[PDB]
Amino acid sequence: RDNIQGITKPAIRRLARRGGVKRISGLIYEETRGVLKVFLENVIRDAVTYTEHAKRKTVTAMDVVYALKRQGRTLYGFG
Amino acid sequence: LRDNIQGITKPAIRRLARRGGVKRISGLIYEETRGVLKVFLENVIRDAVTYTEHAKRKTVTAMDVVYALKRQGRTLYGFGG
Amino acid sequence: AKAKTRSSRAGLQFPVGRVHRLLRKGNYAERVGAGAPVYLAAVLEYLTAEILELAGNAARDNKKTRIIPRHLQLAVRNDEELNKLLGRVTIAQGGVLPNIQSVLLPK
Amino acid sequence: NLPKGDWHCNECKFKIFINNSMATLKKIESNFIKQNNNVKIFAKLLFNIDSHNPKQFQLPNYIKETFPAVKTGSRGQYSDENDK
Amino acid sequence: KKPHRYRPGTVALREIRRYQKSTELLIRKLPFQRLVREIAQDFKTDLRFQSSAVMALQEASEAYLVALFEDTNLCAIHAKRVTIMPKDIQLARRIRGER
Amino acid sequence: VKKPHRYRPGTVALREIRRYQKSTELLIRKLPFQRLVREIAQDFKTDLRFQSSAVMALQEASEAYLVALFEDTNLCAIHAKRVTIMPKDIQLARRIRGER
Amino acid sequence: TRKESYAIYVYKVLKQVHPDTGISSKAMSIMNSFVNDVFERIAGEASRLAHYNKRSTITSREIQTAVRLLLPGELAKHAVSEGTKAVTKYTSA
Amino acid sequence: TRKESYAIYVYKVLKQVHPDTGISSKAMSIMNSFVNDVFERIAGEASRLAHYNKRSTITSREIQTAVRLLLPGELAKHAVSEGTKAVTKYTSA
DNA sequence: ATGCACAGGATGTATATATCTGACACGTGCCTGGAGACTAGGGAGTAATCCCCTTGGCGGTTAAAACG
DNA sequence: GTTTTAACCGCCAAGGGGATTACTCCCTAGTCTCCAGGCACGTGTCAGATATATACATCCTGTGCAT
Ligand SMILES: [Zn+2]
């Protein structure tokens with residue numbers, strides 16, 4: 001149930017490296033977990049809202065696209 | 001109309017920073033502030049003049065400024081709506 | 001007489017008729033000017049040509065015959081005006097520009 | 001009468017040709033012992049002037065200041081109380 | 001027989017308190033209008049202006065400047081400093097997305 | 001006299017930075033991310049089915065946002081004359097971004 | 001059913017600029033998304049302009065103003081030139 | 001000519017909640033602009049919702065969905081409750 | 001004994017070449033959405049009016065800017 | 001703390017253009033008929049993936065020179 005711990009520290013380190021980060025404190029990982037969780041709630045709430053208004057039970061990628069678009073984060077390559 | 005950006009005197013920027021919660025201020029800040037303000041003003045006025053011209057008018061209204069600010073993601077209330 | 005595409009009359013590749021239909025059905029205004037879809041298709045075609053040229057250049061620099069999303073991301077981020085235009089646009093599998101801060105370099 | 005070639009500053013050529021960080025002192029002492037026979041006091045300056053770019057002469061900021069009625073102009077020209 | 005001068009910084013705090021409670025504009029109106037017209041000169045000549053427009057620009061600019069100053073103060077404090085550096089402003093604008 | 005070879009601290013980091021600033025593939029494991037997404041998608045509704053494309057789009061957007069936040073954090077830490085990021089840098093970055 | 005896109009037109013434009021360069025499906029999907037995004041941005045801005053001046057018709061002037069407002073500098077100038085040339089050619093034809 | 005606003009309704013609500021409180025003209029215009037902005041936000045979101053679902057009508061369900069999307073938490077819940085109550089009252093009467 | 005400057009073994013990275021595949025490009029039927037033709041009536045362009053609002057100037061005060 | 005200036009206020013005046021109104025007209029929405037452009041579908045290659053086997057390029061510590 002602790003899927004937030006499914007985000008292991010190697011993945012966080014890899015993301016930091018792609019972000020150009022060289023030295024990382026040990027307290028960083030949990031902070032990233034929390035921030036990512038907040039972002040996920042913000043997106044998923046709107047995605048579920050769109051899914052429900054369409055009277056559907058399966059979330060479509062277009063729902064996620066709309067949710068991201070209305071949050072100011074436009075995504076291409078999915079429709 | 002030349003050399004008006006110097007019209008923003010150092011005490012004015014000082015007051016702006018004091019309202020911004022700044023306690024100690026470097027001396028080589030004011031010109032940077034003036035440049036940034038000039039950039040912002042240019043960006044707004046460009047779109048304001050574009051709106052005014054599309055309406056084939058010769059005076060710029062506040063309402064044009066409202067649209068220009070809205071399009072730049074800076075909404076302002078109390079100037080016509 | 002024989003049907004002639006409005007794109008051919010304007011010398012464009014983008015479908016002006018489809019653009020006009022979408023403008024009509026897009027609930028933007030009650031009436032649509034006749035010269036509107038031509039203008040819009042021309043602007044779209046110009047932007048498409050610009051970014052396709054940059055992406056093809058990037059793909060050639062990678063010695064690849066097909067443009068990939070990485071090429072598109074590189075072209076967009078490298079072009080200042082294009083990057084500013086797509087400032088808030090995220091490209092899937094586009095990666096990032098290779099950039100490392102100076103202070104992190106070995107000295 | 002253009003030189004029509006790779007031109008470098010006196011400092012630029014000194015830093016691009018004789019740039020021996022370990023053996024600069026060797027050249028310094030070589031020049032010092034070369035001039036030691038006649039002029040040892042001026043050997044260091046005679047070596048160092050070759051390491052500097054050409055310059056325009058200027059008073060050393062204290063010949064000027066002993067006279068309060070003298071000020072330096074825009075391009076280094078001499079100015080006095082009769083400038084307006 | 002002493003000048004009785006306040007220590008460096010308490011006056012700054014007092015004026016911070018003064019200007020964080022007021023709402024009026026802090027910039028002289030005439031220079032701002034002159035600068036605005038000078039900038040607009042480069043886009044179209046013989047342009048007239050409603051006064052409400054110039055007030056709108058002044059309000060928007062002062063609000064944006066106050067926000068930028070507040071962000072710059074946080075940036076400088078993050079550097080464990082007390083005085084504002086232009087590098088703080090540059091970093092703040094870059095983080096905002098303006099650079 | 002036998003010594004084992006090992007690079008100095010900060011070398012493998014730069015090598016990894018070069019490696020991952022070149023590639024574009026996703027960095028997070030698929031199954032843990034999917035399980036986290038499904039768990040999160042329970043306090044709004046129950047029995048939610050998911051198109052795979054939605055999950056992958058979520059992963060793409062999340063990774064891009066995280067990378068951008070990491071880069072901002074790196075700039076913030078560098079501004080503090082440091083090479084190590086600690087969570088106060090993340091907090092300042094999100095605060096200036098307006099997220100806070 | 002059948003879904004329309006911009007694949008053929010983007011392909012033709014590519015063959016005009018790079019008559020030998022291929023393309024992947026993900027790339028042209030991104031292409032179509034970008035085209036739709038630009039279309040919606042310009043059309044929405046034009047509708048906003050038309051409502052601003054109390055007019056029921058969207059003309060090419062509205063699109064010109066919208067492009068000037070949305071595109072930065074040289075891109076805007078070049079796009080204005082392209083639109084003007086295409087309009088003049090179509091009207092003359 | 002004549003321009004309309006929400007001034008009278010705002011004043012009515014002000015007297016409803018704070019019967020002994022006045023209001024300045026500038027503040028009054030601020031509320032007018034605020035109401036206009038909220039109107040535009042809800043209307044645009046509802047229009048996008050309708051277009052996404054391929055629908056010809058803007059119903060109260062779309063309004064509720066837009067309210068949920070654009071309002072934070074408790075504001076959204078209370079606004080949904082108020083809208084549902086008003087709709088029920090109007091339908092009954 | 002200390003700062004520099006090579007030699008070299010370790011190591012991970014880039015190149016070269018061979019093979020196989022599925023992903024892209026191409027060929028085809030069809031059909032529906034665009035094109036051609038025609039109308040009317042209303043949105044838009046045009047002309048005349050005015051008066052308000054924008055600009056501009058001049059004199060006096062002083063608060064605010066400048067300066068050390 | 002001391003000195004200077006121009007922002008600001010008031011007061012006035014002239015006129016430009018933005019709003020207004022009436023008239024007209026041609027352009028686009030609406031309708032019908034017709035046909036081919038684009039799209040769904042099916043095949044066939046070859047760009048690039050993949051695997052393996054070599055040149056590089058650095059990293060890094062151990063040499064000397066000598067100050
Ligand atoms: Zn030189």
# chains A, B, ... in the order shown; residues from 1 in each chain; ligands from 1
call {"tool": "residues_near_ligand", "arguments": {"ligand": "ligand 1", "cutoff": "7 Å", "atoms": "only C-alpha atoms (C1' of nucleotides) and all ligand atoms", "output": "count of residues only"}}
result
6
call {"tool": "select_by_dssp", "arguments": {"residues": "chain F", "states": "strand (DSSP E)", "output": "PyMOL selection string"}}
result
chain F and resi 49-50+84-85
call {"tool": "closest_residue", "arguments": {"among": "D:60, D:25, D:7, D:14", "to": "chain J", "atoms": "only C-alpha atoms (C1' of nucleotides)"}}
result
D:25
call {"tool": "closest_atom_pairs", "arguments": {"of": "chain E", "to": "chain B", "cutoff": "9 Å", "atoms": "only C-alpha atoms", "output": "JSON lines"}}
result
{"residue": "E:9", "atom": "CA", "partner": "B:23", "partner_atom": "CA", "distance": 6.9}
{"residue": "E:12", "atom": "CA", "partner": "B:23", "partner_atom": "CA", "distance": 5.7}
{"residue": "E:13", "atom": "CA", "partner": "B:23", "partner_atom": "CA", "distance": 6.6}
{"residue": "E:15", "atom": "CA", "partner": "B:18", "partner_atom": "CA", "distance": 6.6}
{"residue": "E:16", "atom": "CA", "partner": "B:18", "partner_atom": "CA", "distance": 4.6}
{"residue": "E:17", "atom": "CA", "partner": "B:19", "partner_atom": "CA", "distance": 8.0}
{"residue": "E:18", "atom": "CA", "partner": "B:19", "partner_atom": "CA", "distance": 8.2}
{"residue": "E:19", "atom": "CA", "partner": "B:19", "partner_atom": "CA", "distance": 4.9}
{"residue": "E:20", "atom": "CA", "partner": "B:19", "partner_atom": "CA", "distance": 5.0}
{"residue": "E:21", "atom": "CA", "partner": "B:19", "partner_atom": "CA", "distance": 8.5}
{"residue": "E:22", "atom": "CA", "partner": "B:19", "partner_atom": "CA", "distance": 8.8}
{"residue": "E:26", "atom": "CA", "partner": "B:12", "partner_atom": "CA", "distance": 6.2}
{"residue": "E:27", "atom": "CA", "partner": "B:12", "partner_atom": "CA", "distance": 5.7}
{"residue": "E:28", "atom": "CA", "partner": "B:8", "partner_atom": "CA", "distance": 7.8}
{"residue": "E:30", "atom": "CA", "partner": "B:7", "partner_atom": "CA", "distance": 8.9}
{"residue": "E:31", "atom": "CA", "partner": "B:7", "partner_atom": "CA", "distance": 5.2}
{"residue": "E:32", "atom": "CA", "partner": "B:7", "partner_atom": "CA", "distance": 7.2}
{"residue": "E:34", "atom": "CA", "partner": "B:4", "partner_atom": "CA", "distance": 6.5}
{"residue": "E:35", "atom": "CA", "partner": "B:4", "partner_atom": "CA", "distance": 5.0}
{"residue": "E:36", "atom": "CA", "partner": "B:41", "partner_atom": "CA", "distance": 7.6}
{"residue": "E:37", "atom": "CA", "partner": "B:1", "partner_atom": "CA", "distance": 7.6}
{"residue": "E:38", "atom": "CA", "partner": "B:1", "partner_atom": "CA", "distance": 5.2}
{"residue": "E:39", "atom": "CA", "partner": "B:42", "partner_atom": "CA", "distance": 6.6}
{"residue": "E:40", "atom": "CA", "partner": "B:45", "partner_atom": "CA", "distance": 6.5}
{"residue": "E:41", "atom": "CA", "partner": "B:1", "partner_atom": "CA", "distance": 8.3}
{"residue": "E:43", "atom": "CA", "partner": "B:46", "partner_atom": "CA", "distance": 6.9}
{"residue": "E:44", "atom": "CA", "partner": "B:49", "partner_atom": "CA", "distance": 7.6}
{"residue": "E:46", "atom": "CA", "partner": "B:58", "partner_atom": "CA", "distance": 7.7}
{"residue": "E:47", "atom": "CA", "partner": "B:59", "partner_atom": "CA", "distance": 5.8}
{"residue": "E:48", "atom": "CA", "partner": "B:59", "partner_atom": "CA", "distance": 4.1}
{"residue": "E:49", "atom": "CA", "partner": "B:60", "partner_atom": "CA", "distance": 4.7}
{"residue": "E:50", "atom": "CA", "partner": "B:61", "partner_atom": "CA", "distance": 5.2}
{"residue": "E:51", "atom": "CA", "partner": "B:62", "partner_atom": "CA", "distance": 7.7}
{"residue": "E:52", "atom": "CA", "partner": "B:62", "partner_atom": "CA", "distance": 5.2}
{"residue": "E:53", "atom": "CA", "partner": "B:62", "partner_atom": "CA", "distance": 3.6}
{"residue": "E:54", "atom": "CA", "partner": "B:62", "partner_atom": "CA", "distance": 7.3}
{"residue": "E:55", "atom": "CA", "partner": "B:62", "partner_atom": "CA", "distance": 8.2}
{"residue": "E:56", "atom": "CA", "partner": "B:62", "partner_atom": "CA", "distance": 6.4}
{"residue": "E:57", "atom": "CA", "partner": "B:65", "partner_atom": "CA", "distance": 7.2}
{"residue": "E:59", "atom": "CA", "partner": "B:76", "partner_atom": "CA", "distance": 8.8}
{"residue": "E:60", "atom": "CA", "partner": "B:76", "partner_atom": "CA", "distance": 7.2}
{"residue": "E:61", "atom": "CA", "partner": "B:37", "partner_atom": "CA", "distance": 7.3}
{"residue": "E:62", "atom": "CA", "partner": "B:16", "partner_atom": "CA", "distance": 7.4}
{"residue": "E:64", "atom": "CA", "partner": "B:74", "partner_atom": "CA", "distance": 8.9}
{"residue": "E:65", "atom": "CA", "partner": "B:16", "partner_atom": "CA", "distance": 7.1}
{"residue": "E:66", "atom": "CA", "partner": "B:20", "partner_atom": "CA", "distance": 4.9}
{"residue": "E:67", "atom": "CA", "partner": "B:20", "partner_atom": "CA", "distance": 6.8}
{"residue": "E:68", "atom": "CA", "partner": "B:20", "partner_atom": "CA", "distance": 7.9}
{"residue": "E:69", "atom": "CA", "partner": "B:20", "partner_atom": "CA", "distance": 5.1}
{"residue": "E:70", "atom": "CA", "partner": "B:20", "partner_atom": "CA", "distance": 4.8}
{"residue": "E:71", "atom": "CA", "partner": "B:20", "partner_atom": "CA", "distance": 8.5}
{"residue": "E:72", "atom": "CA", "partner": "B:22", "partner_atom": "CA", "distance": 8.6}
{"residue": "E:73", "atom": "CA", "partner": "B:22", "partner_atom": "CA", "distance": 6.0}
{"residue": "E:82", "atom": "CA", "partner": "B:24", "partner_atom": "CA", "distance": 6.0}
{"residue": "E:83", "atom": "CA", "partner": "B:24", "partner_atom": "CA", "distance": 4.4}
{"residue": "E:84", "atom": "CA", "partner": "B:25", "partner_atom": "CA", "distance": 5.2}
{"residue": "E:85", "atom": "CA", "partner": "B:26", "partner_atom": "CA", "distance": 6.3}
{"residue": "E:86", "atom": "CA", "partner": "B:29", "partner_atom": "CA", "distance": 5.8}
{"residue": "E:89", "atom": "CA", "partner": "B:32", "partner_atom": "CA", "distance": 8.5}
call {"tool": "residues_around", "arguments": {"residues": "stretch 35-51 of chain G", "least_positions_apart": "2", "cutoff": "10 Å", "atoms": "only C-alpha atoms (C1' of nucleotides)", "output": "PyMOL selection string"}}
result
(chain A and resi 74+76+79) or (chain B and resi 51+54-55+67+71) or (chain C and resi 19+22-23+26-30+40-41+43-45+47-48+85-86+89) or (chain G and resi 5-6+10+29-33+53-67+69-71)
call {"tool": "atom_distance", "arguments": {"atom1": "atom CA of residue G:25", "atom2": "atom CA of residue C:94"}}
result
14.1 Å
call {"tool": "residues_around", "arguments": {"residues": "residue J:54", "least_positions_apart": "2", "cutoff": "12 Å", "atoms": "only C-alpha atoms (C1' of nucleotides)", "output": "MDAnalysis selection string"}}
result
(chainID I and resid 14:17) or (chainID J and resid 52 56)
call {"tool": "write_last_selection", "arguments": {"atoms": "N, CA and C atoms (P, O5', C5', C4', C3', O3' and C1' of nucleotides)", "output": "CSV table (one decimal), in the first residue's frame"}}
result
chain,number,residue,atom,x,y,z
I,14,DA,P,29.9,8.0,-26.0
I,14,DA,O5',30.7,7.7,-27.4
I,14,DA,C5',31.9,8.4,-27.6
I,14,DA,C4',32.6,7.8,-28.8
I,14,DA,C3',31.8,7.7,-30.1
I,14,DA,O3',32.6,8.0,-31.2
I,14,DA,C1',32.6,5.6,-29.6
I,15,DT,P,32.0,8.3,-32.7
I,15,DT,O5',32.8,7.4,-33.6
I,15,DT,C5',33.2,6.1,-33.2
I,15,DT,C4',33.9,5.3,-34.3
I,15,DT,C3',33.1,5.2,-35.6
I,15,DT,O3',34.0,4.9,-36.6
I,15,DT,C1',33.2,3.1,-34.4
I,16,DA,P,33.5,4.5,-38.1
I,16,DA,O5',33.5,2.9,-38.1
I,16,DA,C5',34.6,2.2,-37.8
I,16,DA,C4',34.6,0.8,-38.4
I,16,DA,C3',33.7,0.7,-39.6
I,16,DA,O3',34.2,-0.3,-40.5
I,16,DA,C1',32.8,-0.6,-37.8
I,17,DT,P,33.4,-0.7,-41.8
I,17,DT,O5',32.6,-2.0,-41.3
I,17,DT,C5',33.4,-3.1,-40.8
I,17,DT,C4',32.5,-4.3,-40.6
I,17,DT,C3',31.4,-4.5,-41.6
I,17,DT,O3',31.3,-5.9,-41.8
I,17,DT,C1',30.4,-4.3,-39.5
J,52,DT,P,26.3,-10.9,-28.3
J,52,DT,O5',27.7,-10.6,-29.1
J,52,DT,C5',27.8,-11.1,-30.4
J,52,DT,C4',29.0,-10.4,-31.1
J,52,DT,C3',30.2,-10.3,-30.2
J,52,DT,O3',31.2,-11.2,-30.6
J,52,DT,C1',29.8,-8.3,-31.5
J,56,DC,P,42.3,5.1,-33.6
J,56,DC,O5',42.9,5.3,-32.1
J,56,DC,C5',42.8,6.5,-31.4
J,56,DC,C4',41.5,6.8,-30.8
J,56,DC,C3',41.5,7.8,-29.6
J,56,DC,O3',41.3,9.1,-30.1
J,56,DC,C1',40.0,5.9,-29.3
call {"tool": "select_by_dssp", "arguments": {"residues": "chain E", "states": "alpha helix (DSSP H)", "output": "PyMOL selection string"}}
result
chain E and resi 10-21+29-41+51-78+86-96
call {"tool": "closest_atom_pairs", "arguments": {"of": "chain C", "to": "chain E", "cutoff": "10 Å", "atoms": "only C-alpha atoms", "output": "Markdown table"}}
result
| residue | atom | partner | partner_atom | distance |
| --- | --- | --- | --- | --- |
| C:84 | CA | E:99 | CA | 9.7 |
| C:87 | CA | E:97 | CA | 8.5 |
| C:88 | CA | E:97 | CA | 9.6 |
call {"tool": "closest_atom_pairs", "arguments": {"of": "chain C", "to": "chain G", "cutoff": "9 Å", "atoms": "only C-alpha atoms", "output": "tab-separated table"}}
result
residue	atom	partner	partner_atom	distance
C:6	CA	G:90	CA	7.5
C:7	CA	G:90	CA	8.2
C:8	CA	G:90	CA	8.4
C:9	CA	G:90	CA	5.1
C:10	CA	G:90	CA	4.0
C:11	CA	G:86	CA	6.9
C:12	CA	G:86	CA	7.5
C:13	CA	G:9	CA	6.1
C:14	CA	G:9	CA	5.9
C:15	CA	G:9	CA	7.9
C:23	CA	G:43	CA	7.5
C:26	CA	G:43	CA	8.3
C:27	CA	G:47	CA	8.5
C:28	CA	G:47	CA	4.8
C:29	CA	G:56	CA	5.8
C:30	CA	G:56	CA	5.3
C:31	CA	G:57	CA	4.3
C:32	CA	G:58	CA	4.7
C:33	CA	G:59	CA	4.4
C:34	CA	G:59	CA	7.2
C:35	CA	G:60	CA	5.6
C:36	CA	G:60	CA	4.4
C:37	CA	G:60	CA	8.0
C:38	CA	G:87	CA	6.4
C:39	CA	G:83	CA	4.7
C:40	CA	G:63	CA	7.0
C:41	CA	G:83	CA	8.2
C:42	CA	G:83	CA	5.4
C:43	CA	G:79	CA	5.4
C:44	CA	G:35	CA	7.0
C:45	CA	G:13	CA	7.6
C:46	CA	G:79	CA	6.5
C:47	CA	G:79	CA	7.6
C:48	CA	G:10	CA	7.1
C:49	CA	G:13	CA	6.0
C:50	CA	G:17	CA	8.8
C:52	CA	G:14	CA	6.2
C:53	CA	G:17	CA	6.0
C:56	CA	G:18	CA	6.7
C:57	CA	G:18	CA	8.8
C:59	CA	G:21	CA	8.3
C:60	CA	G:21	CA	8.3
C:64	CA	G:21	CA	8.3
C:65	CA	G:21	CA	5.0
C:66	CA	G:22	CA	4.0
C:67	CA	G:23	CA	4.7
C:68	CA	G:27	CA	5.6
C:69	CA	G:27	CA	5.3
C:70	CA	G:27	CA	8.9
C:71	CA	G:27	CA	8.9
C:72	CA	G:27	CA	7.6
C:81	CA	G:72	CA	6.4
C:82	CA	G:75	CA	8.5
C:84	CA	G:72	CA	8.0
C:85	CA	G:71	CA	7.0
C:91	CA	G:30	CA	7.5
C:92	CA	G:30	CA	8.2
call {"tool": "write_last_selection", "arguments": {"atoms": "C-alpha atoms", "output": "PDB file, in the first residue's frame"}}
result
ATOM      1  CA  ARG C   6      -9.236  26.590 -52.847  1.00  0.00           C
ATOM      2  CA  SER C   7      -5.778  25.627 -51.583  1.00  0.00           C
ATOM      3  CA  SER C   8      -4.621  25.357 -55.195  1.00  0.00           C
ATOM      4  CA  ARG C   9      -6.151  28.763 -55.918  1.00  0.00           C
ATOM      5  CA  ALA C  10      -4.199  30.171 -52.974  1.00  0.00           C
ATOM      6  CA  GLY C  11      -1.242  27.920 -53.795  1.00  0.00           C
ATOM      7  CA  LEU C  12      -1.300  26.196 -50.401  1.00  0.00           C
ATOM      8  CA  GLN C  13      -0.952  22.631 -49.160  1.00  0.00           C
ATOM      9  CA  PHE C  14      -3.166  22.921 -46.075  1.00  0.00           C
ATOM     10  CA  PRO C  15      -6.858  22.114 -46.690  1.00  0.00           C
ATOM     11  CA  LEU C  23     -13.971  27.537 -38.136  1.00  0.00           C
ATOM     12  CA  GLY C  26     -15.892  25.967 -33.708  1.00  0.00           C
ATOM     13  CA  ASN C  27     -18.417  28.443 -32.252  1.00  0.00           C
ATOM     14  CA  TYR C  28     -16.051  31.390 -32.637  1.00  0.00           C
ATOM     15  CA  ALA C  29     -18.386  33.833 -34.400  1.00  0.00           C
ATOM     16  CA  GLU C  30     -21.705  33.873 -36.210  1.00  0.00           C
ATOM     17  CA  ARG C  31     -20.158  34.616 -39.616  1.00  0.00           C
ATOM     18  CA  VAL C  32     -16.788  33.715 -41.118  1.00  0.00           C
ATOM     19  CA  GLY C  33     -15.009  35.810 -43.714  1.00  0.00           C
ATOM     20  CA  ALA C  34     -14.183  34.167 -47.013  1.00  0.00           C
ATOM     21  CA  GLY C  35     -10.499  35.093 -46.783  1.00  0.00           C
ATOM     22  CA  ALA C  36     -10.147  33.761 -43.243  1.00  0.00           C
ATOM     23  CA  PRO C  37      -9.486  30.020 -43.791  1.00  0.00           C
ATOM     24  CA  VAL C  38      -6.908  30.806 -46.472  1.00  0.00           C
ATOM     25  CA  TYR C  39      -5.014  33.076 -44.075  1.00  0.00           C
ATOM     26  CA  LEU C  40      -5.153  30.539 -41.258  1.00  0.00           C
ATOM     27  CA  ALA C  41      -4.037  27.646 -43.463  1.00  0.00           C
ATOM     28  CA  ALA C  42      -1.167  29.747 -44.808  1.00  0.00           C
ATOM     29  CA  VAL C  43       0.050  30.620 -41.315  1.00  0.00           C
ATOM     30  CA  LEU C  44      -0.193  26.992 -40.200  1.00  0.00           C
ATOM     31  CA  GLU C  45       1.666  25.812 -43.297  1.00  0.00           C
ATOM     32  CA  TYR C  46       4.441  28.355 -42.747  1.00  0.00           C
ATOM     33  CA  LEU C  47       4.955  27.350 -39.119  1.00  0.00           C
ATOM     34  CA  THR C  48       4.869  23.665 -40.047  1.00  0.00           C
ATOM     35  CA  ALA C  49       7.488  24.228 -42.737  1.00  0.00           C
ATOM     36  CA  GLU C  50       9.737  26.145 -40.341  1.00  0.00           C
ATOM     37  CA  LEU C  52       9.948  20.658 -40.093  1.00  0.00           C
ATOM     38  CA  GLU C  53      13.035  22.252 -41.638  1.00  0.00           C
ATOM     39  CA  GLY C  56      15.109  17.663 -40.575  1.00  0.00           C
ATOM     40  CA  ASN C  57      18.363  19.515 -39.974  1.00  0.00           C
ATOM     41  CA  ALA C  59      17.819  14.494 -37.829  1.00  0.00           C
ATOM     42  CA  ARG C  60      20.507  14.843 -40.493  1.00  0.00           C
ATOM     43  CA  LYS C  64      19.097   9.578 -39.366  1.00  0.00           C
ATOM     44  CA  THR C  65      16.625   9.618 -42.243  1.00  0.00           C
ATOM     45  CA  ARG C  66      13.510   9.928 -40.055  1.00  0.00           C
ATOM     46  CA  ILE C  67      12.628  12.682 -37.608  1.00  0.00           C
ATOM     47  CA  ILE C  68      12.028  11.444 -34.061  1.00  0.00           C
ATOM     48  CA  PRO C  69      10.467  13.284 -31.092  1.00  0.00           C
ATOM     49  CA  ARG C  70      13.991  13.906 -29.818  1.00  0.00           C
ATOM     50  CA  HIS C  71      14.766  15.803 -33.021  1.00  0.00           C
ATOM     51  CA  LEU C  72      11.592  17.847 -32.588  1.00  0.00           C
ATOM     52  CA  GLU C  81      11.331  32.072 -30.891  1.00  0.00           C
ATOM     53  CA  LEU C  82      10.018  28.518 -31.228  1.00  0.00           C
ATOM     54  CA  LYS C  84       9.289  30.834 -26.382  1.00  0.00           C
ATOM     55  CA  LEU C  85       6.166  29.943 -28.362  1.00  0.00           C
ATOM     56  CA  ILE C  91       6.890  16.901 -25.706  1.00  0.00           C
ATOM     57  CA  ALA C  92       6.660  13.183 -24.981  1.00  0.00           C
TER      58      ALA C  92
END
call {"tool": "interface_residues", "arguments": {"of": "chain F", "to": "chain J", "cutoff": "12 Å", "atoms": "only C-alpha atoms (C1' of nucleotides)", "output": "PyMOL selection string"}}
result
chain F and resi 3-12+15
call {"tool": "decode", "arguments": {"residues": "stretch 71-83 of chain C", "atoms": "N, CA and C atoms", "output": "PDB file, in the first residue's frame"}}
result
ATOM      1  N   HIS C  71      14.408  14.759 -32.068  1.00  0.00           N
ATOM      2  CA  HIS C  71      14.766  15.803 -33.021  1.00  0.00           C
ATOM      3  C   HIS C  71      13.843  17.003 -32.883  1.00  0.00           C
ATOM      4  N   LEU C  72      12.542  16.753 -32.737  1.00  0.00           N
ATOM      5  CA  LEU C  72      11.592  17.847 -32.588  1.00  0.00           C
ATOM      6  C   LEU C  72      11.886  18.660 -31.339  1.00  0.00           C
ATOM      7  N   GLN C  73      12.142  17.982 -30.220  1.00  0.00           N
ATOM      8  CA  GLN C  73      12.449  18.686 -28.983  1.00  0.00           C
ATOM      9  C   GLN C  73      13.713  19.516 -29.127  1.00  0.00           C
ATOM     10  N   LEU C  74      14.754  18.938 -29.726  1.00  0.00           N
ATOM     11  CA  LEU C  74      16.005  19.667 -29.901  1.00  0.00           C
ATOM     12  C   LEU C  74      15.797  20.896 -30.769  1.00  0.00           C
ATOM     13  N   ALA C  75      15.068  20.741 -31.874  1.00  0.00           N
ATOM     14  CA  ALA C  75      14.829  21.870 -32.762  1.00  0.00           C
ATOM     15  C   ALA C  75      14.034  22.960 -32.060  1.00  0.00           C
ATOM     16  N   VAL C  76      13.003  22.577 -31.307  1.00  0.00           N
ATOM     17  CA  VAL C  76      12.159  23.570 -30.654  1.00  0.00           C
ATOM     18  C   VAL C  76      12.939  24.313 -29.581  1.00  0.00           C
ATOM     19  N   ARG C  77      13.635  23.576 -28.717  1.00  0.00           N
ATOM     20  CA  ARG C  77      14.368  24.208 -27.633  1.00  0.00           C
ATOM     21  C   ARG C  77      15.554  25.019 -28.127  1.00  0.00           C
ATOM     22  N   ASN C  78      16.162  24.624 -29.245  1.00  0.00           N
ATOM     23  CA  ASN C  78      17.292  25.369 -29.780  1.00  0.00           C
ATOM     24  C   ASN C  78      16.869  26.665 -30.452  1.00  0.00           C
ATOM     25  N   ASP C  79      15.699  26.692 -31.082  1.00  0.00           N
ATOM     26  CA  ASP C  79      15.185  27.906 -31.696  1.00  0.00           C
ATOM     27  C   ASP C  79      14.551  28.778 -30.623  1.00  0.00           C
ATOM     28  N   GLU C  80      15.048  30.008 -30.492  1.00  0.00           N
ATOM     29  CA  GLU C  80      14.614  30.865 -29.395  1.00  0.00           C
ATOM     30  C   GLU C  80      13.141  31.230 -29.524  1.00  0.00           C
ATOM     31  N   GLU C  81      12.731  31.710 -30.699  1.00  0.00           N
ATOM     32  CA  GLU C  81      11.331  32.072 -30.891  1.00  0.00           C
ATOM     33  C   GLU C  81      10.425  30.857 -30.756  1.00  0.00           C
ATOM     34  N   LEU C  82      10.822  29.727 -31.344  1.00  0.00           N
ATOM     35  CA  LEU C  82      10.018  28.518 -31.228  1.00  0.00           C
ATOM     36  C   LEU C  82       9.930  28.041 -29.787  1.00  0.00           C
ATOM     37  N   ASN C  83      11.043  28.080 -29.055  1.00  0.00           N
ATOM     38  CA  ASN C  83      11.011  27.688 -27.652  1.00  0.00           C
ATOM     39  C   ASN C  83      10.107  28.601 -26.838  1.00  0.00           C
TER      40      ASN C  83
END
